[PDB]
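Participant: I am sharing my_file25.cif, which consists of mmCIF, C-alpha atoms:
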data_final
loop_
_atom_site.label_atom_id
_atom_site.label_comp_id
_atom_site.auth_asym_id
_atom_site.auth_seq_id
_atom_site.Cartn_x
_atom_site.Cartn_y
_atom_site.Cartn_z
CA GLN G 2 35.07 53.30 -97.92
CA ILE G 3 38.14 53.06 -100.26
CA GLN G 4 39.60 49.53 -99.71
CA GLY G 5 42.87 47.85 -100.85
CA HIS G 6 46.60 48.72 -100.95
CA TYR G 7 48.96 51.32 -102.50
CA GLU G 8 52.70 52.13 -102.37
CA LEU G 9 53.08 55.57 -100.64
CA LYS G 10 54.64 56.89 -103.95
CA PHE G 11 51.15 56.38 -105.58
CA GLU G 12 49.07 57.98 -102.73
CA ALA G 13 47.92 60.63 -105.31
CA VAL G 14 46.28 57.73 -107.29
CA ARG G 15 44.39 56.62 -104.11
CA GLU G 16 43.25 60.30 -103.65
CA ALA G 17 42.02 60.54 -107.32
CA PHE G 18 40.19 57.15 -106.96
CA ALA G 19 38.46 58.53 -103.78
CA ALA G 20 37.56 61.74 -105.77
CA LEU G 21 35.45 59.57 -108.22
CA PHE G 22 32.91 58.95 -105.39
CA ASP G 23 32.53 62.76 -104.81
CA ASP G 24 29.97 62.13 -107.66
CA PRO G 25 26.86 60.55 -106.03
CA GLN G 26 25.90 58.36 -109.11
CA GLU G 27 29.24 56.41 -108.75
CA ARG G 28 28.09 53.08 -107.17
CA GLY G 29 31.15 50.76 -107.32
CA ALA G 30 34.61 50.65 -108.99
CA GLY G 31 37.97 48.83 -108.92
CA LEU G 32 41.43 50.20 -109.86
CA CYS G 33 44.59 48.04 -110.19
CA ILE G 34 48.04 49.18 -111.52
CA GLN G 35 51.22 47.10 -112.04
CA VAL G 36 54.65 48.76 -112.67
CA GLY G 37 57.30 46.23 -113.87
CA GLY G 38 55.05 43.28 -112.85
CA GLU G 39 54.67 44.73 -109.32
CA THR G 40 51.13 45.66 -108.10
CA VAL G 41 51.59 49.27 -106.78
CA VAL G 42 47.78 50.04 -106.59
CA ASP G 43 44.91 47.57 -105.89
CA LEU G 44 41.79 49.57 -104.84
CA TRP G 45 38.00 48.96 -104.76
CA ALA G 46 35.07 50.94 -103.22
CA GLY G 47 31.25 51.28 -102.87
CA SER G 48 28.51 48.87 -103.85
CA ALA G 49 28.11 46.05 -106.42
CA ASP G 50 24.23 45.96 -106.38
CA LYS G 51 21.86 48.79 -107.56
CA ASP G 52 20.61 49.54 -103.98
CA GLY G 53 23.92 49.63 -101.97
CA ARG G 54 23.01 46.50 -99.89
CA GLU G 55 25.94 44.32 -101.22
CA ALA G 56 29.37 46.03 -100.86
CA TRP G 57 31.99 45.80 -103.66
CA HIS G 58 34.38 42.98 -102.44
CA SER G 59 38.03 42.43 -103.59
CA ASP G 60 36.65 39.54 -105.79
CA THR G 61 33.65 41.55 -107.17
CA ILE G 62 33.59 41.11 -111.01
CA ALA G 63 31.55 42.87 -113.74
CA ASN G 64 30.82 42.98 -117.50
CA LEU G 65 33.95 44.62 -119.07
CA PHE G 66 32.24 45.16 -122.50
CA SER G 67 34.82 45.82 -125.31
CA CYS G 68 37.75 45.42 -122.80
CA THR G 69 37.16 41.73 -123.90
CA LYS G 70 38.32 42.38 -127.53
CA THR G 71 42.10 42.31 -126.69
CA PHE G 72 41.73 38.93 -124.82
CA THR G 73 39.99 37.56 -128.00
CA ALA G 74 42.72 39.06 -130.31
CA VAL G 75 45.55 37.57 -128.13
CA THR G 76 43.76 34.13 -128.34
CA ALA G 77 43.63 34.48 -132.19
CA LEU G 78 47.36 35.49 -132.37
CA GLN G 79 48.40 32.40 -130.27
CA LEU G 80 46.48 30.23 -132.82
CA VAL G 81 48.48 32.10 -135.59
CA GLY G 82 51.72 31.29 -133.64
CA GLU G 83 50.66 27.57 -133.50
CA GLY G 84 49.96 27.56 -137.32
CA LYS G 85 46.16 27.02 -136.81
CA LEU G 86 45.40 30.49 -138.36
CA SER G 87 47.16 32.91 -140.79
CA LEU G 88 46.61 36.71 -140.56
CA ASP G 89 46.67 37.10 -144.41
CA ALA G 90 45.02 33.78 -145.50
CA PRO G 91 41.43 34.17 -146.80
CA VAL G 92 39.03 33.15 -143.95
CA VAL G 93 37.24 30.72 -146.34
CA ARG G 94 40.30 28.48 -145.60
CA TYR G 95 38.79 27.88 -142.06
CA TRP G 96 35.17 29.04 -142.64
CA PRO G 97 34.15 28.27 -146.26
CA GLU G 98 30.50 29.51 -145.85
CA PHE G 99 31.97 33.01 -145.02
CA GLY G 100 32.91 33.46 -148.73
CA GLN G 101 29.34 34.63 -149.71
CA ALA G 102 28.27 38.18 -150.75
CA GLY G 103 31.77 39.51 -151.70
CA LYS G 104 33.90 38.03 -148.82
CA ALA G 105 35.91 35.47 -150.93
CA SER G 106 39.20 37.35 -150.05
CA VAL G 107 38.44 38.67 -146.46
CA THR G 108 41.36 37.82 -144.04
CA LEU G 109 41.62 37.49 -140.18
CA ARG G 110 43.92 40.62 -140.17
CA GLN G 111 41.01 42.64 -141.71
CA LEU G 112 38.50 41.25 -139.12
CA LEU G 113 40.84 42.06 -136.13
CA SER G 114 41.55 45.64 -137.45
CA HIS G 115 37.84 46.45 -138.35
CA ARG G 116 38.73 46.75 -142.10
CA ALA G 117 36.66 43.66 -143.23
CA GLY G 118 33.47 45.81 -143.61
CA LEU G 119 31.16 43.90 -141.19
CA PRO G 120 30.56 46.62 -138.52
CA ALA G 121 26.84 45.63 -138.17
CA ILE G 122 24.04 43.50 -139.78
CA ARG G 123 21.72 45.48 -142.15
CA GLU G 124 18.43 43.55 -141.51
CA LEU G 125 17.04 44.46 -138.03
CA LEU G 126 17.03 41.20 -135.97
CA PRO G 127 14.88 40.19 -132.97
CA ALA G 128 16.62 40.50 -129.52
CA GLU G 129 16.69 36.66 -129.12
CA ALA G 130 18.85 36.26 -132.28
CA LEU G 131 21.76 37.49 -130.01
CA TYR G 132 21.63 34.22 -127.95
CA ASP G 133 21.49 31.92 -131.06
CA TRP G 134 25.21 31.34 -131.98
CA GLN G 135 24.52 29.41 -135.27
CA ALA G 136 21.96 32.10 -136.41
CA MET G 137 24.44 35.01 -135.84
CA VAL G 138 27.35 33.07 -137.51
CA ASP G 139 25.07 32.18 -140.52
CA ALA G 140 23.81 35.83 -140.71
CA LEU G 141 27.44 37.19 -140.81
CA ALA G 142 28.58 34.49 -143.34
CA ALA G 143 25.71 35.74 -145.61
CA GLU G 144 26.28 39.51 -144.89
CA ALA G 145 27.85 41.70 -147.68
CA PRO G 146 30.76 44.01 -146.67
CA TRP G 147 29.71 47.68 -146.05
CA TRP G 148 32.82 48.78 -148.07
CA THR G 149 35.60 47.17 -150.19
CA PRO G 150 37.37 45.02 -147.54
CA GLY G 151 40.77 46.50 -146.46
CA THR G 152 40.04 50.02 -147.91
CA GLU G 153 38.28 51.66 -144.83
CA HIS G 154 37.78 50.90 -141.10
CA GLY G 155 34.53 50.90 -139.06
CA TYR G 156 34.39 49.66 -135.43
CA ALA G 157 32.54 46.26 -135.17
CA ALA G 158 31.24 46.56 -131.54
CA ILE G 159 29.53 43.07 -131.21
CA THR G 160 29.85 41.36 -134.70
CA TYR G 161 33.62 41.03 -133.86
CA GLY G 162 32.52 38.47 -131.18
CA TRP G 163 31.11 35.94 -133.73
CA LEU G 164 33.65 36.79 -136.51
CA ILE G 165 36.80 36.04 -134.36
CA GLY G 166 34.90 33.61 -132.03
CA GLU G 167 33.72 31.34 -134.90
CA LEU G 168 37.34 31.17 -136.28
CA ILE G 169 38.61 30.36 -132.70
CA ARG G 170 35.88 27.66 -132.26
CA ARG G 171 36.65 25.94 -135.64
CA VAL G 172 40.51 25.72 -135.23
CA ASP G 173 40.85 25.17 -131.40
CA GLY G 174 38.06 22.49 -131.20
CA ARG G 175 36.22 24.08 -128.21
CA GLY G 176 33.86 27.02 -127.49
CA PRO G 177 35.52 30.42 -128.15
CA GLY G 178 35.00 31.53 -124.50
CA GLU G 179 36.68 28.29 -123.29
CA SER G 180 39.63 28.92 -125.72
CA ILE G 181 40.03 32.60 -124.53
CA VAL G 182 39.87 31.77 -120.75
CA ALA G 183 42.24 28.73 -121.25
CA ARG G 184 44.84 30.74 -123.28
CA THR G 185 44.73 34.26 -121.64
CA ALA G 186 43.23 33.81 -118.08
CA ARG G 187 44.12 30.29 -116.67
CA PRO G 188 47.91 30.43 -117.40
CA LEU G 189 48.09 33.61 -115.19
CA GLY G 190 45.24 32.60 -112.76
CA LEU G 191 43.24 35.73 -113.78
CA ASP G 192 39.66 36.09 -112.39
CA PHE G 193 38.32 36.41 -115.99
CA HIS G 194 35.32 34.64 -117.66
CA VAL G 195 33.78 34.52 -121.20
CA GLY G 196 30.64 32.52 -120.27
CA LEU G 197 29.95 32.82 -116.51
CA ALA G 198 28.73 29.78 -114.45
CA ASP G 199 25.76 30.49 -112.05
CA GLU G 200 28.08 29.49 -109.11
CA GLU G 201 29.81 32.94 -109.68
CA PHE G 202 26.60 35.09 -110.15
CA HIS G 203 26.73 35.96 -106.37
CA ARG G 204 29.88 38.18 -106.89
CA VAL G 205 28.65 39.99 -110.11
CA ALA G 206 28.14 43.81 -109.88
CA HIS G 207 24.85 45.28 -111.27
CA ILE G 208 25.59 47.55 -114.33
CA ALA G 209 23.58 50.85 -114.58
CA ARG G 210 23.76 54.23 -116.46
CA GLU G 230 26.34 58.27 -128.22
CA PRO G 231 26.38 54.39 -128.31
CA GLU G 232 22.57 53.93 -128.96
CA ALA G 233 22.69 57.08 -131.23
CA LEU G 234 24.78 55.49 -134.09
CA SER G 235 23.36 55.23 -137.69
CA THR G 236 25.59 52.10 -138.04
CA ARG G 237 23.90 49.95 -135.32
CA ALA G 238 27.13 48.18 -134.20
CA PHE G 239 25.72 48.08 -130.58
CA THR G 240 21.89 47.92 -131.18
CA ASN G 241 21.34 45.04 -133.72
CA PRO G 242 20.29 42.64 -132.40
CA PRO G 243 18.52 45.15 -130.08
CA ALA G 244 18.48 45.37 -126.22
CA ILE G 245 22.21 44.26 -125.97
CA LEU G 246 23.46 47.02 -123.56
CA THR G 247 20.03 46.91 -121.74
CA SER G 248 20.53 43.11 -121.06
CA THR G 249 24.07 43.22 -119.48
CA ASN G 250 22.65 42.05 -116.06
CA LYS G 251 20.66 39.10 -117.64
CA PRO G 252 21.71 35.53 -116.63
CA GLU G 253 21.66 34.39 -120.31
CA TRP G 254 23.95 37.33 -121.27
CA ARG G 255 26.33 36.20 -118.42
CA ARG G 256 26.25 32.49 -119.51
CA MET G 257 26.72 33.09 -123.32
CA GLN G 258 30.19 33.40 -124.96
CA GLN G 259 30.43 36.88 -126.61
CA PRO G 260 34.18 37.51 -127.30
CA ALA G 261 33.46 41.22 -128.22
CA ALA G 262 31.27 42.25 -125.26
CA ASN G 263 30.60 39.87 -122.28
CA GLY G 264 34.01 39.20 -120.60
CA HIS G 265 33.47 39.26 -116.79
CA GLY G 266 36.30 40.36 -114.45
CA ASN G 267 37.62 43.41 -112.54
CA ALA G 268 40.56 45.92 -112.45
CA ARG G 269 42.89 43.15 -111.08
CA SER G 270 42.15 40.68 -113.95
CA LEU G 271 42.54 43.55 -116.50
CA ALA G 272 45.93 44.61 -114.98
CA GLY G 273 47.05 40.92 -114.73
CA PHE G 274 46.25 40.30 -118.46
CA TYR G 275 48.21 43.44 -119.61
CA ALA G 276 51.15 42.63 -117.22
CA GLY G 277 51.10 39.13 -118.86
CA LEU G 278 51.44 40.83 -122.31
CA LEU G 279 54.37 43.13 -121.23
CA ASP G 280 56.42 40.26 -119.61
CA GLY G 281 55.99 37.81 -122.59
CA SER G 282 53.68 35.35 -120.69
CA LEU G 283 50.84 35.37 -123.31
CA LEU G 284 52.48 36.19 -126.73
CA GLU G 285 55.92 35.73 -128.43
CA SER G 286 57.57 39.12 -129.27
CA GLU G 287 56.86 38.65 -133.06
CA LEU G 288 53.08 38.15 -132.41
CA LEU G 289 52.89 41.10 -129.89
CA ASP G 290 54.55 43.29 -132.63
CA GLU G 291 51.59 42.32 -134.96
CA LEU G 292 48.93 42.93 -132.21
CA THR G 293 50.30 46.48 -131.50
CA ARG G 294 51.16 47.42 -135.17
CA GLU G 295 48.95 50.28 -136.51
CA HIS G 296 46.44 48.67 -138.97
CA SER G 297 43.71 51.40 -138.99
CA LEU G 298 43.99 55.22 -138.48
CA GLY G 299 41.43 57.90 -139.52
CA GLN G 300 37.65 58.58 -139.61
CA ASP G 301 35.84 55.50 -138.16
CA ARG G 302 32.86 54.61 -140.47
CA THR G 303 30.92 53.33 -137.35
CA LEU G 304 31.96 55.87 -134.63
CA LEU G 305 32.44 58.94 -136.98
CA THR G 306 35.50 60.03 -134.96
CA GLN G 307 39.29 59.47 -135.52
CA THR G 308 40.13 55.93 -134.27
CA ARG G 309 43.44 54.00 -134.21
CA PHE G 310 43.43 50.15 -134.11
CA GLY G 311 45.96 47.34 -133.91
CA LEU G 312 44.64 43.73 -133.97
CA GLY G 313 41.65 43.81 -131.52
CA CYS G 314 43.21 46.72 -129.53
CA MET G 315 43.16 50.54 -129.70
CA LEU G 316 46.51 52.41 -129.91
CA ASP G 317 47.06 55.77 -128.11
CA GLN G 318 46.40 58.98 -130.11
CA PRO G 319 48.20 61.51 -127.85
CA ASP G 320 46.53 64.65 -129.43
CA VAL G 321 42.94 63.18 -129.62
CA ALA G 322 41.00 63.95 -126.37
CA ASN G 323 38.52 60.98 -126.50
CA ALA G 324 41.14 58.48 -127.90
CA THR G 325 44.17 58.76 -125.49
CA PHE G 326 44.55 56.29 -122.53
CA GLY G 327 46.23 59.27 -120.70
CA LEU G 328 49.89 57.98 -120.48
CA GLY G 329 52.52 57.37 -123.27
CA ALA G 330 52.04 57.29 -127.09
CA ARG G 331 52.80 53.49 -127.24
CA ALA G 332 49.93 52.53 -124.83
CA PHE G 333 47.73 49.71 -126.32
CA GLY G 334 44.54 48.03 -125.05
CA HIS G 335 40.76 48.47 -125.21
CA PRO G 336 38.15 50.49 -123.22
CA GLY G 337 34.55 49.27 -122.87
CA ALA G 338 31.47 51.44 -123.57
CA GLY G 339 30.58 53.10 -120.20
CA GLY G 340 34.15 53.61 -118.88
CA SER G 341 35.91 50.31 -117.91
CA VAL G 342 39.44 50.10 -119.51
CA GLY G 343 42.58 47.92 -119.52
CA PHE G 344 45.88 48.79 -121.27
CA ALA G 345 49.66 48.25 -121.24
CA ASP G 346 52.22 51.08 -121.70
CA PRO G 347 55.63 49.54 -122.60
CA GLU G 348 57.42 52.95 -122.12
CA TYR G 349 56.50 53.05 -118.36
CA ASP G 350 56.15 49.22 -118.02
CA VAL G 351 52.55 49.92 -116.76
CA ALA G 352 49.61 47.46 -116.75
CA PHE G 353 46.38 49.41 -115.94
CA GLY G 354 42.87 48.13 -115.08
CA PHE G 355 39.75 50.19 -114.21
CA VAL G 356 36.24 48.67 -113.74
CA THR G 357 32.98 50.62 -112.99
CA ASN G 358 29.31 49.51 -112.69
CA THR G 359 28.21 53.13 -113.51
CA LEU G 360 28.31 53.50 -117.35
CA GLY G 361 29.04 56.97 -118.82
CA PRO G 362 28.01 58.02 -122.38
CA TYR G 363 31.49 57.40 -124.02
CA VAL G 364 32.29 54.36 -126.28
CA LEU G 365 36.05 55.27 -126.32
CA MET G 366 38.04 56.67 -123.28
CA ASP G 367 35.97 57.78 -120.26
CA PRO G 368 37.32 61.04 -118.68
CA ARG G 369 37.14 59.35 -115.19
CA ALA G 370 39.68 56.69 -116.39
CA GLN G 371 41.90 59.26 -118.26
CA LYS G 372 42.23 61.41 -115.04
CA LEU G 373 43.21 58.27 -113.00
CA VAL G 374 45.90 57.42 -115.66
CA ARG G 375 47.12 61.08 -115.75
CA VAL G 376 47.59 61.11 -111.91
CA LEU G 377 49.45 57.73 -112.18
CA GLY G 378 51.58 59.57 -114.82
CA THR G 379 52.44 62.35 -112.29
CA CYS G 380 53.54 59.72 -109.63
CA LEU G 381 55.92 58.10 -112.21
#
In structure tokens, what does this structure look like?
Facilitator:
Amino acid sequence: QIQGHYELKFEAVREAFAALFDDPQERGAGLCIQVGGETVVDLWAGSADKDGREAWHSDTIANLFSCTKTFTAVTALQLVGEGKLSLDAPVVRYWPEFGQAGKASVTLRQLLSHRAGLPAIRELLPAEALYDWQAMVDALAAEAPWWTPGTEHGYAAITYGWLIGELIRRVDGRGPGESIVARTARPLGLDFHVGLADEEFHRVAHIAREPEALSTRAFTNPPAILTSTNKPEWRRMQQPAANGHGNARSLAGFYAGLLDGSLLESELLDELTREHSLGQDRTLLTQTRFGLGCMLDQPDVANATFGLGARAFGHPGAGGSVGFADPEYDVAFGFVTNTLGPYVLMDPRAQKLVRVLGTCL
């Protein structure tokens, strides 16, 4: 049963959302769209658990994977605004140990745009290493760049979490998850978590099924990351690249907060959405386009378009969840699924939903 509300003008979006569940593997999903800060679509449907015994509620939340990266980037840019970070200062200034193995001149701008050259860790780590914050931060401090920093880009699927998170932790004097939720979620009352208390576990959807395939193991080192998404420890840890918990409504609320100037001053939003990386991704081996911790629309690239205007910015998660803002149409878009597809970038399910929204506008 499709639940929630829509303006009659967007009935086609409700129809397309219903069409998702014509596929029997679809378990649960949420879809939320704001136009000019007005919620025109707020839909959810199906089940949250693996076995269809617990229905998807309005307040059902889920792992949003790399949807998280833009929340983390916005947190970093606020710290820049407050003079606690500089985009073009060498990180050593905040994180002196980072300066090992050729990283004496690596900047926050390079880390946010995937140009720093730390897409993955070379030495294959045990699964537990993931849950040891100090171990992962010490590993990355000691890790050599995979290319001359600033000269190429390669998507940093999970390493991004410790790289930006450690800088957040050192300059904001609290855990990076606490910083992100305090700066991007609380001010707007978004149902969004980086580090999830057990009191909330009751309303968490069960996640089920190229990413594992990659020669650059951005997703699979430490191993069993995307096979551990439903683990309590994974929920409780702070992973600013990967473990943000929320739904379509939090995603839409965050992006509406970006469009209306709630979360970033216009100068800092101009930096976030400025093209920093365009071309063959050294991790994904496909044409990617990055701002600071967001992807920018490529209108003629099938797997790398949000499905609306050329100025759309945001970040999909592996498996098909996506949030973005389109300043041309004043759109804030959120889609959450617990049924992961095989795409790291745009999922065709999400692109069709956006394209039907496009028709209604």
Participant: Could you tell me which residues the PyMOL selection byres ((chain G and resi 183-187) around 9) returns for this structure, as a count of residues only?
Facilitator: 22
Participant: I'd like the residues picked by the PyMOL selection byres ((chain G and resi 313) around 6) written out as a ChimeraX atom specification, using the chain letters and numbers from the file.
Facilitator: /G:70-71,74,113,312,314
Participant: Nearest residue to residue G:152 out of G:107, G:197, G:62, G:233, using all atoms listed in the file?
Facilitator: G:107
Participant: Residues within 12 Å of residue G:340, please, as a PyMOL selection string. Count all atoms listed in the file; anything in the same chain fewer than 2 positions from it doesn't count.
Facilitator: chain G and resi 27+30-31+64-68+208-210+268+323+326+335-338+342-343+354-373
Participant: Put those residues in a file: C-alpha atoms, as a compact mmCIF listing (two decimals), in the frame of the given file.
Facilitator:
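For reference, part-v3.txt as written:
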# COMPACT_ATOMS: atom_id res chain seq x y z
CA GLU G 27 29.24 56.41 -108.75
CA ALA G 30 34.61 50.65 -108.99
CA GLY G 31 37.97 48.83 -108.92
CA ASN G 64 30.82 42.98 -117.50
CA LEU G 65 33.95 44.62 -119.07
CA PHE G 66 32.24 45.16 -122.50
CA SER G 67 34.82 45.82 -125.31
CA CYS G 68 37.75 45.42 -122.80
CA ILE G 208 25.59 47.55 -114.33
CA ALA G 209 23.58 50.85 -114.58
CA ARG G 210 23.76 54.23 -116.46
CA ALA G 268 40.56 45.92 -112.45
CA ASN G 323 38.52 60.98 -126.50
CA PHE G 326 44.55 56.29 -122.53
CA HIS G 335 40.76 48.47 -125.21
CA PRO G 336 38.15 50.49 -123.22
CA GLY G 337 34.55 49.27 -122.87
CA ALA G 338 31.47 51.44 -123.57
CA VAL G 342 39.44 50.10 -119.51
CA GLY G 343 42.58 47.92 -119.52
CA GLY G 354 42.87 48.13 -115.08
CA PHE G 355 39.75 50.19 -114.21
CA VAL G 356 36.24 48.67 -113.74
CA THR G 357 32.98 50.62 -112.99
CA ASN G 358 29.31 49.51 -112.69
CA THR G 359 28.21 53.13 -113.51
CA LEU G 360 28.31 53.50 -117.35
CA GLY G 361 29.04 56.97 -118.82
CA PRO G 362 28.01 58.02 -122.38
CA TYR G 363 31.49 57.40 -124.02
CA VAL G 364 32.29 54.36 -126.28
CA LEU G 365 36.05 55.27 -126.32
CA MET G 366 38.04 56.67 -123.28
CA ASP G 367 35.97 57.78 -120.26
CA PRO G 368 37.32 61.04 -118.68
CA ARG G 369 37.14 59.35 -115.19
CA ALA G 370 39.68 56.69 -116.39
CA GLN G 371 41.90 59.26 -118.26
CA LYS G 372 42.23 61.41 -115.04
CA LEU G 373 43.21 58.27 -113.00
Participant: G:293, G:318, G:160, G:250: which is nearest residue G:121, counting all atoms listed in the file?
Facilitator: G:160
Participant: Enumerate, as an MDAnalysis selection string, the residues matched when the PyMOL selection byres ((chain G and resi 299) around 9) is run on the file above.
Facilitator: chainID G and resid 153:154 297:298 300:301 306:309
Participant: Check the smallest atom-to-atom distance from each of G:119, G:206, G:330, G:63 to residue G:264 using only C-alpha atoms, then report the winner.
Facilitator: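 Looking only at the distances to residue G:264, the closest residue turns out to be G:63.
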Participant: Taking all atoms listed in the file into account, name the residue in G:236, G:267, G:69, G:241 that is nearest to residue G:57.
Facilitator: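 Distance minimum relative to residue G:57 lands on G:267.
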Participant: Pick from G:38, G:146, G:53, G:339: nearest to residue G:262, with only C-alpha atoms counted?
Facilitator: G:339
Participant: Please report, as AutoDock Vina command-line options, the centre and edge lengths in Å to one decimal of an axis-aligned box covering all listed atoms of stretch 183-198 of chain G with 5 Å per side.
Facilitator:
--center_x 38.4 --center_y 32.6 --center_z -117.8 --size_x 29.4 --size_y 17.7 --size_z 20.9
Participant: Neighbouring residues of stretch 44-52 of chain G were defined as those with any atom within 6 Å, considering all atoms listed in the file; residues of the same chain fewer than 2 positions away were excluded. Please report them as a count of residues only.
Facilitator: 15
Participant: Applying 8 Å and all atoms listed in the file, which residues near residue G:167 remain after dropping the ones on its own chain fewer than 3 positions away? List them as a VMD selection string.
Facilitator: chain G and resid 138 163 to 164 170 to 171 177
Participant: Please measure the separation of atom CA of residue G:319 and atom CA of residue G:349, giving the value in Å to one decimal.
Facilitator: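 Atom CA of residue G:349 lies at a distance of 15.2 Å from atom CA of residue G:319.
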Participant: How would stretch 207-242 of chain G look with N, CA, C and O atoms restored, written as a PDB file, in the frame of the given file?
Facilitator:
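Saved as result.pdb:
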ATOM      1  N   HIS G 207      25.983  44.817-110.433  1.00  0.00           N
ATOM      2  CA  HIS G 207      24.850  45.280-111.270  1.00  0.00           C
ATOM      3  C   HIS G 207      25.294  46.511-112.062  1.00  0.00           C
ATOM      4  O   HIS G 207      25.692  47.504-111.431  1.00  0.00           O
ATOM      5  N   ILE G 208      25.225  46.439-113.394  1.00  0.00           N
ATOM      6  CA  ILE G 208      25.590  47.550-114.330  1.00  0.00           C
ATOM      7  C   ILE G 208      24.389  48.488-114.472  1.00  0.00           C
ATOM      8  O   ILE G 208      23.287  47.983-114.729  1.00  0.00           O
ATOM      9  N   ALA G 209      24.612  49.801-114.371  1.00  0.00           N
ATOM     10  CA  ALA G 209      23.580  50.850-114.580  1.00  0.00           C
ATOM     11  C   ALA G 209      24.211  52.091-115.228  1.00  0.00           C
ATOM     12  O   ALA G 209      25.441  52.254-115.131  1.00  0.00           O
ATOM     13  N   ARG G 210      23.377  52.928-115.853  1.00  0.00           N
ATOM     14  CA  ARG G 210      23.760  54.230-116.460  1.00  0.00           C
ATOM     15  C   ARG G 210      23.608  55.333-115.399  1.00  0.00           C
ATOM     16  O   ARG G 210      24.540  56.153-115.307  1.00  0.00           O
ATOM     17  N   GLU G 230      25.667  58.482-126.906  1.00  0.00           N
ATOM     18  CA  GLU G 230      26.340  58.270-128.220  1.00  0.00           C
ATOM     19  C   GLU G 230      26.193  56.820-128.687  1.00  0.00           C
ATOM     20  O   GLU G 230      25.888  56.602-129.857  1.00  0.00           O
ATOM     21  N   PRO G 231      26.426  55.784-127.842  1.00  0.00           N
ATOM     22  CA  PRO G 231      26.380  54.390-128.310  1.00  0.00           C
ATOM     23  C   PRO G 231      25.073  54.024-129.042  1.00  0.00           C
ATOM     24  O   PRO G 231      25.158  53.585-130.177  1.00  0.00           O
ATOM     25  N   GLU G 232      23.916  54.229-128.398  1.00  0.00           N
ATOM     26  CA  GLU G 232      22.570  53.930-128.960  1.00  0.00           C
ATOM     27  C   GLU G 232      22.275  54.836-130.167  1.00  0.00           C
ATOM     28  O   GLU G 232      21.429  54.450-130.995  1.00  0.00           O
ATOM     29  N   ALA G 233      22.948  55.991-130.256  1.00  0.00           N
ATOM     30  CA  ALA G 233      22.690  57.080-131.230  1.00  0.00           C
ATOM     31  C   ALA G 233      23.084  56.672-132.664  1.00  0.00           C
ATOM     32  O   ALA G 233      22.508  57.254-133.609  1.00  0.00           O
ATOM     33  N   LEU G 234      24.013  55.721-132.826  1.00  0.00           N
ATOM     34  CA  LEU G 234      24.780  55.490-134.090  1.00  0.00           C
ATOM     35  C   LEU G 234      23.866  55.009-135.224  1.00  0.00           C
ATOM     36  O   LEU G 234      23.043  54.105-134.986  1.00  0.00           O
ATOM     37  N   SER G 235      24.069  55.572-136.425  1.00  0.00           N
ATOM     38  CA  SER G 235      23.360  55.230-137.690  1.00  0.00           C
ATOM     39  C   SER G 235      23.812  53.845-138.179  1.00  0.00           C
ATOM     40  O   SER G 235      22.996  53.139-138.798  1.00  0.00           O
ATOM     41  N   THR G 236      25.071  53.488-137.925  1.00  0.00           N
ATOM     42  CA  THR G 236      25.590  52.100-138.040  1.00  0.00           C
ATOM     43  C   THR G 236      25.372  51.437-136.683  1.00  0.00           C
ATOM     44  O   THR G 236      26.089  51.804-135.734  1.00  0.00           O
ATOM     45  N   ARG G 237      24.404  50.522-136.598  1.00  0.00           N
ATOM     46  CA  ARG G 237      23.900  49.950-135.320  1.00  0.00           C
ATOM     47  C   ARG G 237      24.807  48.796-134.889  1.00  0.00           C
ATOM     48  O   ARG G 237      24.313  47.655-134.734  1.00  0.00           O
ATOM     49  N   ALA G 238      26.085  49.115-134.674  1.00  0.00           N
ATOM     50  CA  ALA G 238      27.130  48.180-134.200  1.00  0.00           C
ATOM     51  C   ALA G 238      26.769  47.655-132.804  1.00  0.00           C
ATOM     52  O   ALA G 238      27.153  46.514-132.513  1.00  0.00           O
ATOM     53  N   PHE G 239      26.063  48.442-131.982  1.00  0.00           N
ATOM     54  CA  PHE G 239      25.720  48.080-130.580  1.00  0.00           C
ATOM     55  C   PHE G 239      24.259  47.630-130.444  1.00  0.00           C
ATOM     56  O   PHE G 239      23.976  46.948-129.447  1.00  0.00           O
ATOM     57  N   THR G 240      23.367  48.004-131.369  1.00  0.00           N
ATOM     58  CA  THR G 240      21.890  47.920-131.180  1.00  0.00           C
ATOM     59  C   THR G 240      21.228  47.017-132.231  1.00  0.00           C
ATOM     60  O   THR G 240      20.029  47.213-132.493  1.00  0.00           O
ATOM     61  N   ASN G 241      21.947  46.049-132.801  1.00  0.00           N
ATOM     62  CA  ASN G 241      21.340  45.040-133.720  1.00  0.00           C
ATOM     63  C   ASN G 241      22.138  43.744-133.652  1.00  0.00           C
ATOM     64  O   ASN G 241      23.242  43.681-134.182  1.00  0.00           O
ATOM     65  N   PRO G 242      21.619  42.661-133.026  1.00  0.00           N
ATOM     66  CA  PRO G 242      20.290  42.640-132.400  1.00  0.00           C
ATOM     67  C   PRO G 242      20.074  43.667-131.290  1.00  0.00           C
ATOM     68  O   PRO G 242      21.016  44.062-130.610  1.00  0.00           O
TER      69      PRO G 242
END
